[PDB]
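First up is the structure itself, then whatever we jot down about it.
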Amino acid sequence: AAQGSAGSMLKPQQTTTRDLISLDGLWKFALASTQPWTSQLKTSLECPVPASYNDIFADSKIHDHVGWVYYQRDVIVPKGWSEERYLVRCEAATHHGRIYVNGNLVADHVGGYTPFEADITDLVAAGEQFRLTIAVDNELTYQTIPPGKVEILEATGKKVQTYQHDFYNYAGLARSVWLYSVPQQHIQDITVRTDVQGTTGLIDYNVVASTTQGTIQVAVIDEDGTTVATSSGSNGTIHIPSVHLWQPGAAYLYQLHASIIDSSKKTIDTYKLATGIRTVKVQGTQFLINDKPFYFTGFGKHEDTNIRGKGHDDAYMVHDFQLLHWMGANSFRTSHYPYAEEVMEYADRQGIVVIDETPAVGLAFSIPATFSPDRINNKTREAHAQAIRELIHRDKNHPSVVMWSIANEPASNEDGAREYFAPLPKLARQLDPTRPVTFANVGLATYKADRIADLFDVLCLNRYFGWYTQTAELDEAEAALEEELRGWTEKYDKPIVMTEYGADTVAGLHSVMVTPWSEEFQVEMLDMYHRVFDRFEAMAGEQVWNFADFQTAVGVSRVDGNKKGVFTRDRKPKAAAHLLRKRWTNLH
Amino acid sequence: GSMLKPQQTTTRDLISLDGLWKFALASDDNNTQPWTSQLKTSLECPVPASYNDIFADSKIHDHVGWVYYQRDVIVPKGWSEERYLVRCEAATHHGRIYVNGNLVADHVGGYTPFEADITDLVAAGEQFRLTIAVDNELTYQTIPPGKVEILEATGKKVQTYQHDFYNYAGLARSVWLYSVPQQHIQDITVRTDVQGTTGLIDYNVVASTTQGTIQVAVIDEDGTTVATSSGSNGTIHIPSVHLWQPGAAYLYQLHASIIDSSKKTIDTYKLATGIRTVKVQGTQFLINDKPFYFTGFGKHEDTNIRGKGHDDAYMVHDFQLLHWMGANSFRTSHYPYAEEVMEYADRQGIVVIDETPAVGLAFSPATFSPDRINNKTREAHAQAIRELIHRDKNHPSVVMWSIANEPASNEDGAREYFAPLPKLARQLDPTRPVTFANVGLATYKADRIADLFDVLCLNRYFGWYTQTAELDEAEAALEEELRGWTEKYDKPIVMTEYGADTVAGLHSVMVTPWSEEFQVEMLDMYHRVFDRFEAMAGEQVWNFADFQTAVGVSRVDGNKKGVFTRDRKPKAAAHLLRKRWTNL
C-alpha cells in the first residue's frame, strides 16, 4: 500500500488454471481488550463473515465498541497447490484491516471498501494448516476517509465515535474473504477502453503479467459463445464488426478471454473478464451514452439490510434490482462508499447505470472551519486520493459505471475547499480518461456560494427545500428550487443531476392534509420537484433520496435511522414507490 | 369581568349553544364588517370543537387572523323580569361577541371565560343573530407569544411561535345563554382548613345588591345538611369532617341562597367543595398534613379531529386511564383546561397543577426586552393569573398554580419580569403554593428566578437531548443536577416533565431511541435516581398521550413523547408506569 498508486489484483475467479476457495462462514470473534493473533481464540462468540458485526450479537457492548476486533479461523492450503502461487484476500475490511498468518502480520490496509490481499506462498506450504486471524478496527479520525473523531464521556468515560455522515458506522468483514491460487506466471491486471468507429466497435486493452514468460492471447467472445475477434500482445486494440453496444436498458456483454500462452502453443494462465462497449461524453448541458442523450432515473442507495447491516447480500441485491426494473429506474449512485464488486458486475448484466462514489462523505462540519490543519488537511486529502485510486483501479472496467463521484456533501463553499479539491478530479480524469467527473453538492454551497463546481464535468445537486428550508411549504419551496436551478443553469454550461431529494416517511402514516412524515407528503414533494425539473432543459437526471430506509447514528431527529426511503428497510413500497413507477415507466 | 360557571337552579336558567354554527374566515372583500350581515359561507363548524383540522382544507387550517362563527338564538319568553347573558367558556386567543351587529364583549385571554349581560339588547321571547369573531394571531404581547411573518416568495402569512404544541384556534369550549335573577349571586369563595378531626370552611359570597340576606346550607354526600350559616360571609366548622383525599374524593355541597325580606329564595347556587389543606414545609408537600408524592403526567387538550375542543368521553376515559395505571395527579399543560375537567377531577380525587397559558417566553436573541417580552407582555401575563385563579380558586383538586412553562429563567430581565407574578398569585390565593416549570438550560447555577417560588418544578430530558442514547451517562448528569438543586434550595422538587419520544410498534432490544423499549428504560432509570433523592416530591411523565404540534422535521406528525397514543392506546411505558405507581 504505497502513496500515488494501487496494488490489488483482478477479482479472483476460478479457471482451468486458477483455483478459488471461500473463507466465508462463522469465525471466532472477540473484542480488543492483548495480541490475540499469536494463539488460538477463546470465545463461544462466532460472527458470520460477509456481514457487519454491530447488529449481529444483540449485545450493547459489542455494538458500541470503539477500536479493534478480531476474526479468526483455521485454514488449510490444499495439497494440490504447490507449484502454484497462492494468497489470501479480503474484498473489504470494515475500515482498517490487518491479516495475520499464524501470528505474523502479512497485510495492513486503510481503505474500508476496497480489496486487499497478501501473497502467502513462501509462508505456508501446500497441505499445511495455519491460523488465519484478521483484525478490523472501526476507528475514524480526521485523516481517515470517512472523517471523524473518537471522544470520551466526561462522567462514565465511555468511548464514543463521532462523525458527520447520516448512515451508521457499521464495522467488520462486510465482504467475502477468499483463499485462492494463481500460476507463477499470471495475469494481474487488465484495462479495457471501449470506443466506436461508425458501426465498428474497438476496445483498447492492456494486460499485466507477473513475469515475461510466453505471450498474451486474447479471444473476444459474444453472448452466444462464438469468438468474434482475437489479438496478441500485452496490448493493442480489438476491432468488432457491427458491435452489439451495451445500452442503458439493454445490456450486451462480450467476454474478453485473456490468456498467457507459454513458449509453445499451450495455455499457462487464463482469465475471463466481461466488458460491454459504450462511450460516455458530456457535450455542454447533455449527457451522452453512445452519442444519444441520457437522463438518469433512480436513487442513491446504501449497503444496509436488517441484521448483517452493511454486509453484501446476494438475494437483497437481486431483489433490489428487480424493484428498480419494476419501477423503470435506470440508474443509482453508490451512496457514500463503493459497494461490493459483485453489485457492479450485476449492474452490468442488468443494464443499470452507476454513479460510483468514493467513501468521502461528511467532508464538512456544518450538518468550525472544515479545511485546515485540524480537521481536513493534506494528510486527509492524501487518503482521499488514496481511495480514488483503489476505486478506479477496481472499477475502471464496468460498462455500467458511467461517472465518478469524488465526494458527498463536502464543505465546498468554504475558504480552503478549492485548494483541497483541485488535484482530485484531475487525478480521476487522468487515471481514467473515459468517464466524466463530479461530486454531489450540498444545499449550503449554492450556485453563488460554491467555489468548487467549475472543476467538475457534471453538476450533482442534493436539495431538500420542501423539508429543511420551506418546511411543508411546497409552494414557497417551488420558489426556492427554481431560484436555485436558474442560478446553476445560468452560471454554468454543464448538465445537472439531482442526486438527492426526499422526505422522511413512516409507512402507514397518512394524512389528507399537508403533513411531513406522511406517505402523502412524500408523494407531494417528489411530485412538485419533478414538475420543476421538466421546466429546465438543462437537467440530465433525477435520483430520489433514498431507495430504502437505513440505519444511522443514534439521533433525536432520526427515527431509528433515516426514513427518506421510498421502500422500507424490509423493501416494501411506500406511496412514493408507485409515483416513481408511474413517472418513470409512462414517459421517456 | 366573569362570574360563577352558569348553572340551572330553581331561579337560574341555562341554554347550551353548542352545535353547528355557520363558519367563515375573514377575507379582504368589500365585506370588511362581516358581523353585521349573514355570512357568505356554506361551511358549518361544530362548536365545542376547534376549527383547523375540521374541514380537511388547508387554507382554513393554515389561516392567520380572524374567523367568524354565526347562528340565530332565541331568548325564551319566560326569561323576562329576569336578567340574561351570553357566555363563552373560552375562545382561541382573541374573542369578540357580537349581538345583533353590536360589539358586546372583547376578550384577550385564550383559555378563560368571557360574557355579556344582554338583557336590554334583546327582548325576552325574541330571536337574535349571534356572531363570534375569533382571532388566532399571537404577538410579543399575547400570552403565548409569537410573531406573524410573510413568506418572501409566495406572500403567504405564517404564524411563528415558541411552544411545542400546535396553535389550534376557535371556540374550543361551550357557549351559553343563561338567566339570572335581578338580584343574583356573582362570585363565591371557599377556603378549607383542617383543625384536627374537624373541617372548617370560610365562605364569601358577592351578590348584585344588598337587600334580603344571604343564607348558606352545607349538605353531605348523603343528602343531610351538616352545618348552617347566615351572612354574606362567615366561617363553618364540620364535626368529624369527611376529608377530600388524593386517593378518595369527598365533596360537600355548599348551597348559597339569597333570602329576601320574607322567607322566600330569590336566588341560589350549588357549589361543590372538598375539605383539604396544602402546606409546603421544608422539602415536603403535605396534603392534609401527610407527605405527598405526585404521580402522573403533564397532559394536553388535544384529540383527533376536534383538536383542542373539550370532549366528555375522552375526558372520562383519560381519568379512567389514570386510575388504571395508578396515577394521582397531572398538570394542565401550558393552559388552564376546560372548567368541567377541574370539576371532574374534584369528583375523581385527582390532584391538579393549574398552569397559565404562558409558554414560549424563550427565544433559544435576548428574550426579556422592550422588543420581545416587555412590561406590556407582563401585564397580559398578570391578567391570565387573575383570570385563572378567579375561575379555579374553589377546586379541592387544584393544589398548585404554575406561572409559566420553560421560560428563559436564566437570561437577564427574567428576574425583573417574574418578580411581581408569584407575589400576585399568593395575594389572590394564600391557600396554595406557587411554581413554574423550569427549563433544562436554567440549571441550578444559571437560573435566577427559582428562589421566588414555593415548589421546584423541573423537566429534564438528558437521556434524550444531552446523553442521547447514553443512559449511564445521562444518569450521572441527572443526579448531578439534583444534588445541585437540593443542595442549593430548601424546597420540594417535582419532575414536572421528562421522558423520550416513541413510535408505537417500533421495537428494539438494544439502546435505540424512538423504540417503545427505549422509553421504558429512560423512564425507569429516572425513577431509580428519583428514589435516591429524599427531596423529591413527585414525578410527572411528559406526556399522557401523543399530541399535534407545529410542523417540524424533527416532529413525527406531532409530539410522540406520549405514554399513550393520540387515540389513547398503551405504549410499553404505560405498563411500566402502572406497575410502579400502583405497587409502591
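Brief remarks follow.
- Sites A:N378 and B:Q281 - FRET efficiency at Förster radius 56 Å, r taken between beta-carbons, to 0.05: 0.25
- Label-point gap, in nm, between B:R386 and B:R415 - each point 7 angstrom along Cα→Cβ: 2.8 nm
- Other residues whose C-beta falls under 15 angstrom from the C-beta of B:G552 contribute a net charge of -1, scoring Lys and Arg +1 and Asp and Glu -1.
- Centroid-to-centroid separation of the range B:15-29 and the range B:84-151 [C-alpha atoms, Å]: 12 Å
- Within the range B:278-584: Cβ-based charge dipole about Cα centre, in debye rounded to nearest 20 (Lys, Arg +1; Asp, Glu -1): 480 debye
- Peptide B:504-514 has a mean of 4 when you count, residue by residue, the C-beta atoms of other protein chains within 10 Å of its C-beta.
- For the range B:278-584: rounded, prolate or oblate by the Cα gyration tensor [a/c cutoff 1.5]: rounded
- Over the range B:228-272, relative contact order from alpha-carbon pairs under 8 Å, at least 6 apart, %: 26 percent
- Each Cα pair under 8 Å and six or more residues apart adds its separation to the average, and for the range B:182-277 the resulting relative contact order is 31 percent.
- Rough spin-label spacing in nm, given labels placed 7 Å along Cα→Cβ, for B:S554 and B:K579: 3.1 nm
- Partner chain coverage, peptide B:147-154 - average Cβ within 10 angstrom: 3
- A simple charge model with +1 on the Cβ of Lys and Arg, -1 on the Cβ of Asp and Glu and nothing else charged puts the dipole of the range B:471-532 at about 220 debye relative to its Cα centre.
- Listed residues A:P410, B:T228, B:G78: farthest to the positive end of the dipole of the protein assembly as shown (Cβ charges): A:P410
- Relative contact order [Cα under 8 Å, 6+ residues apart], the range B:1-181, whole percent: 30 percent
- Long-range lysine pairs (8 or more apart or interchain), the range A:1-183, Cα under 27 Å: 15
- Taking the DSSP beta bridges with both ends in the protein assembly as shown, the antiparallel portion is around 75 percent.
- Viscosity 1.002 mPa s, 20 °C: Kirkwood-radius Stokes-Einstein D of the range A:368-504 over Cα pairs, µm²/s: 133 µm²/s
- Counts of other chain beta carbons within 10 angstrom of each beta carbon in peptide A:158-166 average 1.
- Bridge orientation summary for chain B: considering DSSP beta bridges with both residues in this region, about 75 percent are antiparallel.
- Only one residue of A:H96, A:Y447, B:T502 has its Cα farthest out toward the positive end of the dipole of the protein assembly as shown, where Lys and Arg carry +1 and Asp and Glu -1 on Cβ, and that residue is A:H96.
- Once the C-beta distance of A:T34 and B:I150 is scaled by a Förster radius of 51 Å, the resulting FRET efficiency is 0.20 to the nearest 0.05.
- Alpha-carbon centroid distance for the pair the range B:528-584 / the range A:187-210, whole angstrom: 66 Å
- Stretch gain in nm, segment A:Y468-A:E490, where the contour uses 0.36 nm per residue and the Cα spacing is subtracted: 5.5 nm
- Three-way shape call for the range A:1-183 based on the alpha-carbon gyration tensor, with the a/c threshold at 1.5: prolate
- For the range B:1-181, a simple Cβ point-charge model (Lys and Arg +1, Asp and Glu -1, everything else neutral) yields a dipole of about 140 debye relative to the Cα centre.
- Chain B: C-alpha gyration tensor shape, a/c 1.5 cut-off, then a/b vs b/c: oblate
- Ordering B:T377, B:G274, B:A366 by Cα displacement along the dipole of the protein assembly as shown toward the positive end leaves B:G274 in first place; charges were set at the Cβ atoms of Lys, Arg (+1) and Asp, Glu (-1).
Just so you know, all these numbers are worked out from the coordinates, no wet-lab data involved. A quick note on method: Cβ atoms are made from the backbone with ideal geometry, for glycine too, and the neighbour counts reach across all protein chains shown.
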